[PDB]
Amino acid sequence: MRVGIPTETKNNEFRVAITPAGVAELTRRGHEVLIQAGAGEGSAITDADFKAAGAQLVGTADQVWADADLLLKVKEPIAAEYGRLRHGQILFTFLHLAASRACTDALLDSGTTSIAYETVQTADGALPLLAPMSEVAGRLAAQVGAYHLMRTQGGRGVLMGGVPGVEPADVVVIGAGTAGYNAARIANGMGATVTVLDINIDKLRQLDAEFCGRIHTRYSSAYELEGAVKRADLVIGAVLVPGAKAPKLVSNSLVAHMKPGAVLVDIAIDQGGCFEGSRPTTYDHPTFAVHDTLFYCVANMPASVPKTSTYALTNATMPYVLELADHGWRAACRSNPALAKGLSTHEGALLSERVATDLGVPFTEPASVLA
């Protein structure tokens, strides 16, 4: 058994799918760990750090993919990587197959076995590998929203927390899930007057207790959302629905009635976004205009703080990585139903019903390959 970790190849993808701690634990259990030279540098992990932990440093991506029985990544394989996919390999990474027929087809045709980080799901319904990325994105949303509120960024020119005697930014967070909770928490810590909207009153009750009412909570009726958004300096869209696409909760018509220079940060942009006018941008020109407002729609936000997010992710993936390495995909999935819910492809079979219907291709019951 060799576990291989290649360098991430997507635009501004600085994260890596393992850290020296994880390398140490794998090598201690008798597994070889092959890591592409430079793979951790985006995350401030040097080749020397990885080697001291037991990793075999490999000069090329091609050798990692060729030699590895278990291949750990952060993002989905891109076109340039399709020719590296292999029948006898297990790939464990964020896949988002519903968003790519091409990626889905590449995995099936290769016959490879793949497990998606984002559909690994515990009995209580939680998504333990997606969770830390939602936490990072939410906290990032507050700090990037604060920055783009500066007049020198085209924003309204409002300081998050005000100063004594002067109004703070009015911040509206749409969605009180993991991402939204974390956005409201940081925005609140910066001094902003934060209102969180959700249709799940239990989540609002949780926010109300945690901050003793300092974070305002409003039931998200259409009337309430319009009114709050109209008054906001900063709107953070954090309604991320697990699976298919995000609802368009904020219309361009509504945007036209917003304060000039208001900033809208969509952290559901990887699901088409929850604003109507949202188009996925990137760090080069992260913002565009919509009716005198500024939209921030950068996809893959956690990639911008890789030192943090590499650890957040791999801390969460570690026990699954160890199970897969120790026991192989089938035994691991048989023993751990949370991991089985991530099973995506195997030997040309597509194993996600939700992915299959969204693409309109056949689905093979996961039970048929596990039992």
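Don't overthink the numbering: it's just position in the shown sequence, from 1.
Across the two stretches, 177 to 185 and 272 to 280, the PDB entry reports the greater mean Cα temperature factor for 272 to 280. Comparing the deposited coordinates for 284 to 292 and 70 to 78, the stretch with the larger average C-alpha B-factor is 284 to 292. Comparing C-alpha B-factors across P242, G165, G237, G145 in the deposited entry, the largest value falls on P242. Going by the entry's values, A123 shows the largest Cα B-factor out of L91, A137, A123, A232.
In this PDB entry, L159 carries a Cα temperature factor that places it within the lowest third of its chain's modelled residues. Ranked by Cα temperature factor within the chain, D170 sits in the lowest third according to the deposited record. In this PDB entry, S253 carries a Cα temperature factor that places it within the highest third of its chain's modelled residues.
Ranked by Cα temperature factor within the chain, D109 sits in the highest third according to the deposited record. Per-chain ranking of the deposited C-alpha B factor places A99 in the highest third.
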